[PDB]
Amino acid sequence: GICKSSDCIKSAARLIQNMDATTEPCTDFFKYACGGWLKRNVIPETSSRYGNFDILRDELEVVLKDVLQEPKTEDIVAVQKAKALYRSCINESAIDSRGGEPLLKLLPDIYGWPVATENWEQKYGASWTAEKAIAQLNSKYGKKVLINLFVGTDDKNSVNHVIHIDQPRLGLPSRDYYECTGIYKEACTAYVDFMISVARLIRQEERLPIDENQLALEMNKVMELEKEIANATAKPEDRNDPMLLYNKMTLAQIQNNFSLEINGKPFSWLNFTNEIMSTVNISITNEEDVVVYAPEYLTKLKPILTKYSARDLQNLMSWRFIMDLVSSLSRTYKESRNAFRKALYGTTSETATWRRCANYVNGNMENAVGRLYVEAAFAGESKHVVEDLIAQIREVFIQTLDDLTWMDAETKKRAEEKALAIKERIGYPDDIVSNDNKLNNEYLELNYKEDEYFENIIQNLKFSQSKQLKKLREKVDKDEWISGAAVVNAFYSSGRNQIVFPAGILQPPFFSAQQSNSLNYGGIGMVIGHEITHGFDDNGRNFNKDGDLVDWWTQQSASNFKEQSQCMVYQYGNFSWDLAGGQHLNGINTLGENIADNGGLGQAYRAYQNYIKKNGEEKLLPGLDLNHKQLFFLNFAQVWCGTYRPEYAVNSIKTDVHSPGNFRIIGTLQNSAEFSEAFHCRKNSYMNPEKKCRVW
């Protein structure tokens, strides 16, 4: 009664090879599930993290290379364009011969980089303001500095777009880095050295005189600025509540509650907003509604910005763009990045050009590349089986509502309503294969030259920003996919109340029609549950069936949610991570992801039970002394076989809202009674704590 098939052999062999059966499952299931992988694999020099998940992404890149690298004669223009973009990107010889000239010729159009110019104040005396300089970077080049203005969906009216104001991202991965001591010292040193190196290269290329003292003085001043900005930003822990984040005022209310004076100004919000919107010939009233996500940050900005010179501000502002551009220039410029990215990521070498290039084209043409990818790589009747799994787990979520004692009846029935309304999106949009016109038209105004990679990427930034901005008065497109298909990941949108499973994730170990269903449910089953449960985590629970930010909870249930979930904040908050130097996880910042994991795996397990019930026990896998309950958990865990560079562990513990793979497994399975059954775990077994968290 062993399954003997081709596909069973492959599955079994992968499971066997990953696991370490000399470890007690009940002491450390991660080591049990993954210890074999961990012995045999080192992290590649180009990887900051590595494991079964990242291997799928490497393998997807190979597919993208195959489909992009050879011109075909039947290729529609949209595909011609992805291929030409790929070609421009992989031509290092062309790129190296251009030096930094493409940057140099760009710099004027963003009001310069003063450290890298002569007499900067006099050049731009006539023209420069903070309003204009921020707005050009934002609107033509999509770089958000000092103040992030962006058109997005209205949280409280999901069918419309509003202007948003928010705090900007920083040059370093999180606000914590700007302590610049201990585990953060090298990053800060490398960061500022990086600035200096690039300022030097630009000067040398312009044939200007180099004063190392002045360079250090101006870039250290840049760092002090950003340090202050970093300290002014709101913590993530204070940004978790979408109701608190949503403060809609008019540009007038903003002008008068959030004044800034820059270089002796003061700052005209009306003017700022219009310098951006005019890019696309739209005109804005002082009476325009704006959703301000970062009130206290704007308030805290006031005393900081006054202190600094125009020269300081623009030194930071241009640096933040130039940062992103150097690796698209010649080798010498690429090289200047090295210590910075090692410090942040642990990597000692650049990822292969063809991989970076394939990823870049995919990022900018995800429908064209998605089309090519699915033609190569993706079945057909996968779509329908997954459709079935999603039916099943949606129904399990609903069903579970009755067992759940921390909600009252109106709230439970509201949760049901939201559950039923969730719109699923599987594999890829038919559109991109069966409608050539529509796919050509998406990229109509794009025109790439194969010798002009840098102009190509600049074109993409301009086009991207212009499209986004002109959405202000347009309605949100219900049908539009929020991911390309060539993506190893899955998604929930609170705004669309939508779950999304790109073709890229619908493969082993998550899914195959030919692998055991224990594996499918423990794999993709648990992913579906994770995405659905995002609809009901500490963010998503705040949005209703239509994607609108609206309270549908009673005070009691709202309070009980918080109380139930506080258990997981404490639990994961209590994990210490060696790779990050013994630091504890942020149990608050990972909560939503942790809630989704625990809910998700529960739901998937119960759906598999409902399946075994109706259909029967399935045949065992050869070479494995486990039953299918046990394999279910085995596979769920092996999704996350892998490990981290210490430099990236320090990064991720602050910037990833997901727990690290190992703690995802331990966390969730500590909360699973079913797991402890399956592996016969003693009470107070490390893997079977007596006290367990439960939300969903």
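Rigid core (definition): largest C-alpha set, two forms, superposition within 1.5 Å. One rule holds for the numbers: they count along the sequence shown, beginning at 1.
Of 292-300 and 126-134, the stretch whose C-alpha atoms sit farther from the shown form in 5 other deposited structures of this protein, after fitting on the rigid core, is 126-134.
Between 345-353 and 117-125, greater CA displacement relative to the shown form is found for 117-125 when the structures in 5 other deposited structures of this protein are fitted on the core. The question of which stretch, 163-171 or 203-211, has the higher mean Cα B factor is settled in favour of 203-211.
Between the stretches 301-309 and 183-191, it is 301-309 that shows the larger average CA temperature factor.
Highest CA B-factor among the listed residues (603, 512, 586, 122): 122. Highest C-alpha temperature factor among 365, 488, 377, 229, as the PDB entry reports it: 377. Sort the modelled residues of the chain by CA B factor and residue 11 lands in the middle third. Among the modelled residues of its chain, residue 542 has a C-alpha B-factor that falls in the middle third, as given in the PDB entry. In the deposited entry, the Cα temperature factor of residue 597 places it in the lowest third of its chain's modelled residues. Ranked by C-alpha B-factor against the other modelled residues of its chain, residue 338 falls in the middle third. In the deposited entry, the Cα temperature factor of residue 23 places it in the highest third of its chain's modelled residues.
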